[PDB]
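Undergrad: Quick one: the structure is below, and I'll ask about it shortly.
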Amino acid sequence: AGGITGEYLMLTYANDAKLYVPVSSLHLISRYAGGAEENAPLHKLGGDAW
Amino acid sequence: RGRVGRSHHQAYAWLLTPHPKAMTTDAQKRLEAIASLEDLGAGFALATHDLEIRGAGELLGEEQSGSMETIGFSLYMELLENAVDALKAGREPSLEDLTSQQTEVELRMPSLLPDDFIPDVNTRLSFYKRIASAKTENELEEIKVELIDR
Amino acid sequence: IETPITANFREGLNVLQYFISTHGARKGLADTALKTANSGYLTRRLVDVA
Amino acid sequence: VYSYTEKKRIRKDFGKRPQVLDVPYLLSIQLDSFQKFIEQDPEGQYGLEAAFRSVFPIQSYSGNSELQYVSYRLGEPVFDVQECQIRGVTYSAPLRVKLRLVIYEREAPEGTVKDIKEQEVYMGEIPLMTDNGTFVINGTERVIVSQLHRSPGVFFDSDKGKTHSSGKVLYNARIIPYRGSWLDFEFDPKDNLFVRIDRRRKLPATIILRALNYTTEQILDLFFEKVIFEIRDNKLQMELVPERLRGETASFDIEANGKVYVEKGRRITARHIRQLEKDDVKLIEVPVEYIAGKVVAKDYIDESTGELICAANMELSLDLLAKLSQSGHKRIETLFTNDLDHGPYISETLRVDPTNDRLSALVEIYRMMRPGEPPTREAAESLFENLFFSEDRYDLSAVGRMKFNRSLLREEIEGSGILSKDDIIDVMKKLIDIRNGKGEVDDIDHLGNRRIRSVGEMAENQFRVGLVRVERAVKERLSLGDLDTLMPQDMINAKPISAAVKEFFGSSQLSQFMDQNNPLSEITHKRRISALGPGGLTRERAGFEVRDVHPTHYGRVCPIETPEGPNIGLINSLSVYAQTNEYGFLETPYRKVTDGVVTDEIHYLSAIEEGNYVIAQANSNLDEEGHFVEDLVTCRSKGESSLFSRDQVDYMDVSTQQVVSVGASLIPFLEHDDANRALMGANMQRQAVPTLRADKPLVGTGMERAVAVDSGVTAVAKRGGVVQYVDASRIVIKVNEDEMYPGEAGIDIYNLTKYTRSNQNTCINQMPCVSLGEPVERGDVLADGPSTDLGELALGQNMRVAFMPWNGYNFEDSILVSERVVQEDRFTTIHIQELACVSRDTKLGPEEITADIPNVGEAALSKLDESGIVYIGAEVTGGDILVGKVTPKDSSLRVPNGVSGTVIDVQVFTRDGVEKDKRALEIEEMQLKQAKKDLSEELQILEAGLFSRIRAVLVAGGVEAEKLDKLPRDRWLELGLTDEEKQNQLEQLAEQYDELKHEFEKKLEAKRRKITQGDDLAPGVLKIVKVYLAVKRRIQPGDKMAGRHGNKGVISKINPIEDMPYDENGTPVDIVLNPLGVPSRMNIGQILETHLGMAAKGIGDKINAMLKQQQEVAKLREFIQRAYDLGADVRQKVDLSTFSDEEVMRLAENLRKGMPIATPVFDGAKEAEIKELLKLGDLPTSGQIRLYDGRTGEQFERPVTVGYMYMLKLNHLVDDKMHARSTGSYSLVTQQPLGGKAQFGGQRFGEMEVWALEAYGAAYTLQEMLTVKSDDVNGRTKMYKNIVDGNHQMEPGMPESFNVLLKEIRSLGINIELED
Amino acid sequence: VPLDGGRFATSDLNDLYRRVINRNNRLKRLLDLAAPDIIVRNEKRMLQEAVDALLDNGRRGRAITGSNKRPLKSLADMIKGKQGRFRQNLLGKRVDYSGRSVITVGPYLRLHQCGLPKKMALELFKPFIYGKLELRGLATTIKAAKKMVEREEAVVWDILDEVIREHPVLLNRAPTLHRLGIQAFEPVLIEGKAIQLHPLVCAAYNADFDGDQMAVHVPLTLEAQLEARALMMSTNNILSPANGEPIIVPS
Amino acid sequence: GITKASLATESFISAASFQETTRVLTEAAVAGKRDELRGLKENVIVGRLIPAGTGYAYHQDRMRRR
Amino acid sequence: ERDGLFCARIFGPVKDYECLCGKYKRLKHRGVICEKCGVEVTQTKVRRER
RNA sequence: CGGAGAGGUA
Ligand SMILES: [Mg+2]
Ligand SMILES: [Zn+2]
């Protein structure tokens, strides 16, 4: 990331746009809740404003 | 720049810019122009400079600033005179009056006479008046057949 | 060039004699092009004075 | 030794030098350059990777976000090549970059991460080079030629006394970056030194010396030495350096240690210096007159008062010397100047320099670069910083730094891109050194100073130009608000990449329309070296020295193939073996010569290195031990050909044809032509029309096959095998089992391009040259292209030529042609035009293309269909209606007046959103049938392939022949067989089959959507119909035809068969040239080719005779073996004893029309071998036979030359040229006739043709041709009425182009008027 | 002129005129308003610059441009240069009744004639043909005569061979260096497509037959035909005007 | 020289249609010059008979008629 | 336009012998000036010389 | 119709 080598979590949203979140801040991440671990949706990162 | 001053105190105004490896050429042109005209009475000169580059937009449309192939003033005064004479003679109400008592059917789906279809703005306006003032479906149908013919 | 092309056109020139031949015989065509462009102007000047 | 499909016709190669390096791929530069553009470079220094890493990572101004780069990938093109040409869209591939956007967090320490988002963002469409080297940019097939520009670096030139009239040479230096602002130093005739920047106003150099934080003292220490005075008790003791006195006239007593060494007025001899040093002289007393003209180095002031006494750069006088003595100064330092060795060339610049500090120096630099806007401190300082020392707005490339450190004799060939202080100082030192007398100037035409930037480098530069704007926009978008929900796709714009690349490919000076009336013309227009374009010289302002051929052109650039006319020597073409160096320079191979052996190892030498060594000649005799058979071998050492000793050579030329290009190495017997006539031979070979039935050249150079193979017109087998199916439009190759793949085995399918239209309206169609069920190998041609013949170039026909004058019908250059040449349709060529009819959208509404057109009968509509479009196959003539179009109130497309031809193709384009008429539905319907049918044939021939492989693999372990067909061909999986690697392979093949099913379904549906969809068109057009006309132009008096040796000439009579001079056997001569064209312009190559062609047809005639009366193969084998022998130690050595006794019956079948011969260009057939071959046939060995006249029947005296000469038919037909006009349209602003043949134009009776009528007394002809026939409208209507009314007479009036002149002059403030 | 896409051509003169008229009307209004002097001064500066660019653009070191960054074409740029009125429309100009074609030899000719393709001879000589057809009454108007020539019945070829009897045509090769570069020849009709040229006048024309082209003009009036026959026929140009030596040398 | 001997002509069209048209026109417009059409080039310009050959008799009687 | 750069009352009629507003459309009125718009109905080639 | 550019014939 420009001078630091880190470990990240790998998250795939819609259109295969990947989001890496640090392992120092994994508490920002929660498990799923709708009871649809096979029927879960997928949002698009950054919205569809553009 | 005009926000400062306003009283006898000498008032400075700074225009900080990013480091010039990422400023477009038009930006330095604008900045050097606005730093050149640091005097009093510079406003009108700057406005008539902005015009002449930007160019006045449509005289009878929106879009205030831009070349974009307006209608001519010499045409516009004649068009307006024709409108004035037809209006006063006819004494029809304004289009806005036909907007005022209009039971609003804003269904936000396009509804107008397209420009190429009736190019003469005056005649198209006359159809606007006669349509929105038509108070019988038979009158509407007569408008429809006359417009189909014409 | 000190050494000549000692080979005629009945016998064949070899490679290096032919390269020197081209040395000589492109100057001719370049000269022809630009001398034509100049002499046209010269005769235009001559016509317009007389 | 031979293949199966070279044994069809073995060209009998003459020539004695054994080749040590085969001709490379002739399109190496184009394909290699564009490969370096688009290829994943791991090391990251070429192409898109270099550009992306040169821009990214993009760090925001805030610094809390940056946009870094991961990888790039080129998508599949939406259309293939053919659909890109037809549909009118460029052939490009979407570039997709996997950008990765990091986001920082604020309150954390410097450098953390909040999130990182990556997304494969789409940016740019980059056009893809096709398989050959041609791009498709808007349906038109373009070629980007390589450019030859002066290499970035530093060059020391001098006008050879062109100014100042003193004979004074004004040495100058240019620092020329790859990208940035130039820099120049020069010398005023007063031996000063001035700098100039970007060819602006000249300034003293010391201004830029001061600009670099150099004050005067360090400047003087840089450019000058020191002479030390120590004032003591005896009269100015000076430490004297004896080598400071080499070569000056003395001025006083030269003594030391009580002994007189040299006396006054003497020249200080070398022995005087030796006396001084052997006596070890150091300290000399000198008089005071010696110091009155010397200039002190630095500042000596008074210590007490703190006041300046003497400053830097001023001469010392007696009063100054007294003051410096009185200030306690003991040591003085002055400058060692001179008059021939070390001039004071910088001190006078200081004197003339009106600048003393550095800030004011930056001030007048600011004043120079932009007049107006009086400077500040920071503005001038930043301007001068970013002008020469910013990696943003200035860059020497690695080639720039290489040439820079080379010219200054430095060591490292790497360094920073931008300049530095030591570099500028070293340049100025080297310029002063050149001026003094050491060193040497450069020639700027050396091929060690001009380098090639072909397609890859140029397009990468434009990509980088776009990427700069992209990264600027990215930086602004990052510094704007709301970072934490941005994504890279919503951040970058793909507009300024696609714009900067489409602008270069479409509209540039070096991306030009491909010449396509040959395979040769294509392949020699791709290997073009333009010396023009951006960053290069101008066509009409180029002198006699850059147009000329330099001694370093040898091996790199052809000396003969250049156009004649205004750009000669500017449009050079590459040699055969030349490559581009790693830095863009040109290099050519050379065999390394060891101690005494000419080895087989080759080294590619550039043009700088070629000068140091000594290189042998291409044909210098060496004999089976690598030893030269002479001791004075003609070599070239340093641009000087001369005879050298045998034990001194370092290199040898690879082959005799590395000096000439590809265009001028298909000329046989080139070594007998003049250079001018070979130039014209090459340039007319480049224009030969591909005729109807291509005909091999009986006398070639063996390079024919290379040009046929590398120019992508022949369909060449990618993998060997057996031809399963032949058709005039497709060829199916069942590939060999060892050339198979395990997964996706399949078989190859080649679709031959039938009669499509080339750029120059000729016809390019391919013909199958293989038979059904015939073995082919990898790299073997399967379809002849245009003007090829079994895989070898055949630009024209080869005809029986007699050299004699014939009743004046071949007077100057003309050609008299027999009528068999036109009866046999051997010069009948097909020309395919594309006539377009567009449907606009104008005032009073649009136009339809119905058949309903007024004032024309049903004969007009008999050729149109019901939809208004002409029928395919309708033989139209001039003036007919192809697409009936009406004007809304007759705008029908009509054939141009004069041209016939058959409609062969109608393409209908329609804008999306408007319904398609009947013809569009019919055409789209047959297109849908064609597309579904072709994909079905693809899938089912692949079904045949997969099921054949499945059946043929089960020979062991599972073979039951009935059980294959007891159930149908599909279900060949669940039969009884071992579940081992055999059933593994059957599962793999079935999975491949099902994937092929799915691929066929997807491809068919995608093709249907692609066909049916509306297409983008110009705003304002509704639908376009393009009719295609095929015209068989035969031949007639007028059609220029030529040979290969520069002997052109328009055919002047189509003479009946029986008038042609027949020899004693009755055979008429086919073409009667003129002898008088040989002695003046010395192309003896045509006569030698004539003799050798006669020999080849003699061998062919004997083989044909032995074949007509049927004779056994033991006679044909014997005769053909004698024919393929008979070289005097040639390198061919083909044995007929290993031929299969039936490929002899095929070889002799192909040789029955003439035994083809190769003659390598500078290694040709000597005359003795020609006579011997003519004597193997029964022909008379002097070459000339006796011809009887065709008409009187009585023999010609003085037996004439007949032979077989290869005639091309150049593309200057007389159908295209001939034009006439009586009255037609007239121009608008001036009422003169229009101009051209497309318009009904009238010829320009110009200025010279008016003087030519003034020279006669013909004033009435002049008056009508400049009033009545042209311009006076009331004169010309009256003239037309007077001509029709039988009264030839004019009323002149006054031309309206003079009334226009009156109104234009009078429309200034200039009252011009006519008097009474 | 319309560009056939619904819009109009630029036509730089009208652009300069619009610029001048706009500045002038603005200045007239601003002078009517008695505006302060700092504004009217640079208004007059702008008007002076505009009229300057109209009369002769580029005579200042600064030149104003439109498209492609080249300066506009002012009223002085329409007279100067190789493309002005004087050198491109007045001294030499395009001409009706003219043709152009390749040249072949035709050594059967006599010194005073030239071959001429039947197609060119019909196209150049249309009005004379119309006159002769209306003299025969074969089509008693110019429209019917027009269709009649267009169809090329067998009778219009006789009309040619009569209207080409004594009617010289001026053959002309492209670099007309000297007065023997344009010479008049009586035509001989040829079923071909190339202007045959008598092989003695090649030296005068400096014409090899290696692909050259020659233009053919027609003299119309009686004065022009007599000028051709008396002054410009090839049987008068035997001595060279540069020196008394012959120019009909057997080559 | 022939370049200057043709610009320094009494006829301001035989020098305007030569080179330097702007300079010739200004210098001859300040001076109020008059062209008598007495040459072979300005008669070509104004589209009338050349005073050389078959136009010589025409110009001869035209001059003698005034 | 009315009195623009291209004009019909200042320079002349656009079509041969025709008014601007079509009030006079035949050559039998050559020379009269219309009243509504004010063009001189004459030959359109006077647009070249005015 | 103009402008820019490329190439070719003599
Ligand atoms: Mg010629
Ligand atoms: Zn009117």
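For the structure tokens, the naming scheme is as follows: chains receive sequential letters (A, B, ...) according to their order of presentation, residues are indexed from 1 within each chain, and ligands are indexed from 1 in presentation order.
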All residues within 12 Å of ligand 1 are required, counting only C-alpha atoms (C1' of nucleotides) and all ligand atoms; please report them as JSON, numbers by chain.

TA: {"D": [680, 812, 813, 814, 1040, 1046, 1047, 1048, 1049, 1050], "E": [102, 103, 104, 173, 174, 175, 202, 203, 205, 206, 207, 208, 209, 210, 211, 212, 213, 214], "H": [9, 10]}

Undergrad: What are the closest atom pairs, with distances in Å to one decimal, for each residue of chain D lying within 8 Å of chain F, using only C-alpha atoms, rows by chain and rising residue number, as a tab-separated table?

TA:
```
residue	atom	partner	partner_atom	distance
D:1254	CA	F:52	CA	7.2
D:1256	CA	F:53	CA	7.1
D:1257	CA	F:53	CA	3.5
D:1258	CA	F:53	CA	6.0
D:1259	CA	F:50	CA	5.3
D:1260	CA	F:49	CA	6.8
D:1262	CA	F:49	CA	7.8
D:1263	CA	F:49	CA	5.9
D:1266	CA	F:47	CA	6.5
D:1267	CA	F:47	CA	5.9
D:1292	CA	F:48	CA	7.5
D:1293	CA	F:47	CA	7.7
D:1294	CA	F:47	CA	5.5
D:1295	CA	F:47	CA	6.0
D:1298	CA	F:46	CA	6.5
D:1310	CA	F:29	CA	6.8
```

Undergrad: Just write the chosen residues, C-alpha atoms, as a PDB file, in the first residue's frame.

TA:
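Saved result, part_31.pdb, follows:
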```pdb
ATOM      1  CA  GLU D1254       1.492  35.490 -76.840  1.00  0.00           C
ATOM      2  CA  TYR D1256       2.737  33.525 -81.675  1.00  0.00           C
ATOM      3  CA  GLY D1257       0.627  36.398 -82.760  1.00  0.00           C
ATOM      4  CA  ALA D1258      -2.450  34.363 -81.908  1.00  0.00           C
ATOM      5  CA  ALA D1259      -4.412  37.021 -80.080  1.00  0.00           C
ATOM      6  CA  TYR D1260      -7.906  35.934 -81.109  1.00  0.00           C
ATOM      7  CA  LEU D1262      -6.141  33.920 -76.596  1.00  0.00           C
ATOM      8  CA  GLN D1263      -9.103  36.282 -76.372  1.00  0.00           C
ATOM      9  CA  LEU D1266      -9.823  33.659 -71.638  1.00  0.00           C
ATOM     10  CA  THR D1267     -13.162  35.391 -72.198  1.00  0.00           C
ATOM     11  CA  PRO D1292     -16.050  39.121 -76.041  1.00  0.00           C
ATOM     12  CA  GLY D1293     -17.204  41.253 -73.167  1.00  0.00           C
ATOM     13  CA  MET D1294     -15.059  41.100 -70.064  1.00  0.00           C
ATOM     14  CA  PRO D1295     -14.237  38.112 -67.825  1.00  0.00           C
ATOM     15  CA  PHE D1298     -11.857  40.427 -63.344  1.00  0.00           C
ATOM     16  CA  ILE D1310      -8.735  51.215 -52.792  1.00  0.00           C
TER      17      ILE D1310
END
```

Undergrad: Residue 68 in chain B: which residues within 9 Å, counting only C-alpha atoms (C1' of nucleotides), same-chain residues fewer than 5 positions away excluded, as an MDAnalysis selection string?

TA: chainID B and resid 55:58

Undergrad: Put those residues in a file: C-alpha atoms, as a PDB file, in the first residue's frame.

TA:
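Below is the file that was written, result_25.pdb:
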```pdb
ATOM      1  CA  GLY B  55     -20.771  34.159 -26.713  1.00  0.00           C
ATOM      2  CA  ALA B  56     -24.375  34.994 -25.919  1.00  0.00           C
ATOM      3  CA  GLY B  57     -26.744  32.052 -25.983  1.00  0.00           C
ATOM      4  CA  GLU B  58     -30.193  31.820 -27.491  1.00  0.00           C
TER       5      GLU B  58
END
```

Undergrad: Residues within 12 Å of range 5-10 of chain C, please, as a PyMOL selection string. Count only C-alpha atoms (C1' of nucleotides); anything in the same chain fewer than 4 positions from it doesn't count.

TA: (chain C and resi 1+14-22+24) or (chain D and resi 634+641-642+669-675+1078-1079+1081-1088+1166-1167)

Undergrad: Could you report the residues within 6 Å of ligand 2, using only C-alpha atoms (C1' of nucleotides) and all ligand atoms, as a ChimeraX atom specification?

TA: /G:19-21,23,34-38

Undergrad: Hey, what does DSSP flag as strand (DSSP E or B) within range 10-41 of chain A? Can you give it to me as a list in words?

TA: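 Taking range 10-41 of chain A and keeping strand (DSSP E or B) gives residues 10, 11, 12, 18, 19, 20, 21 and 22 of chain A.
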